[PDB]
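Reviewing the structure listed below.
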Amino acid sequence: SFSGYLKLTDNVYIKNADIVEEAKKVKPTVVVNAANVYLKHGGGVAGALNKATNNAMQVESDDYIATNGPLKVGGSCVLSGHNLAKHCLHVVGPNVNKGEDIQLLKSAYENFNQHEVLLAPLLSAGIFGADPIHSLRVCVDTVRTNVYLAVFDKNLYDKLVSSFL
Ligand SMILES: CCc1c(C(=O)NC)[nH]c(C)c1C(C)=O
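The end of the sequence shown is residue 169 by the authors' numbering, with every number in the run present.
Quick look at the structure:
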């Protein structure tokens, strides 16, 4: 199971880890991808997860989009986890670098409540432009299921833990 995590609350745990490496090690039931509405996994966590699947995640995602159309900002879809997890929950947090409503971050985290346990990144953090301290606060105030947060950057991980209220 998950190891080396710091417990933040009853159900939220955090670790300084590469989510790709964490997924390959644990093979969780659900890994969360920091997806965009088109499921175009170009960079950040999405590019890293997709590259770990040898692009199988992108091939599956393009078929999903061709059939269903784009996701909503704040929405999600469950696809295969490929070599990383049983499933991948592609969650679309608002991209503040695209001027998207930061208020949609709570709706994005609500998707996690449909899964008993998840390995996840902080939504809308990194290349999505939101404040990761704000993302962690929305996560602990929204997610009720067991979420194991992987934070890639050690310096950000320390800032998140040291400032956690
Ligand atoms: C492609 C770079 C990458 C990897 C990786 O390739 N791990 C094996 N994991 C992560 C989380 C990244 C990021 C944040 O972009």
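In this text, a Cβ means the ideal position worked out from N, Cα and C, and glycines have one as well.
Residue from the options whose Cα sits closest to the Cα of residue i
i      : options                     : result
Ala52  : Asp105, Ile131, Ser5, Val41 : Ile131
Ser166 : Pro32, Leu140, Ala70, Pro98 : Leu140
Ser7   : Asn117, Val63, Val151       : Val151
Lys163 : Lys19, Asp14, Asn59         : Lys19
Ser65  : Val49, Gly79, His94         : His94
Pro125 : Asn101, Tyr9, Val142, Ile23 : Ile23
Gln118 : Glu25, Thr33, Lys29         : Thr33
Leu169 : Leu160, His138, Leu153      : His138
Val100 : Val121, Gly78, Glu120       : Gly78
According to DSSP, residues forming a beta bridge with residue i
i      : result
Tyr152 : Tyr17, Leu123
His91  : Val34, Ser84
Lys11  : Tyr17
Burial state of residue i (16 or more Cβ within 10 Å)
i      : result
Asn72  : exposed
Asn115 : buried
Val63  : exposed
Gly103 : exposed
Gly46  : exposed
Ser128 : buried
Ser5   : exposed
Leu75  : buried
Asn58  : exposed
Residues near residue i in its chain [Cβ-Cβ closer than 8 Å; skip 5 each side]
i     : result
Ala27 : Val35, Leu53, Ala56, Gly85, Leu88, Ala89, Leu123
Chain-order list of residues whose beta-carbon lies under 6 Å from that of residue i (same chain, five-residue window excluded)
i      : result
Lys158 : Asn20
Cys92  : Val35, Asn37, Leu83, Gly85
Chain-order list of residues whose beta-carbon lies under 7 Å from that of residue i (same chain, five-residue window excluded)
i      : result
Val144 : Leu12, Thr13, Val16
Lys44  : none
Point to revise | In chain order, each alpha helix (DSSP H) run of at least 4 residues that lies wholly inside the region 44-80 | key: Within the region 44-80, the complete alpha helix (DSSP H) runs of at least 4 residues are 48-56, 60-72.
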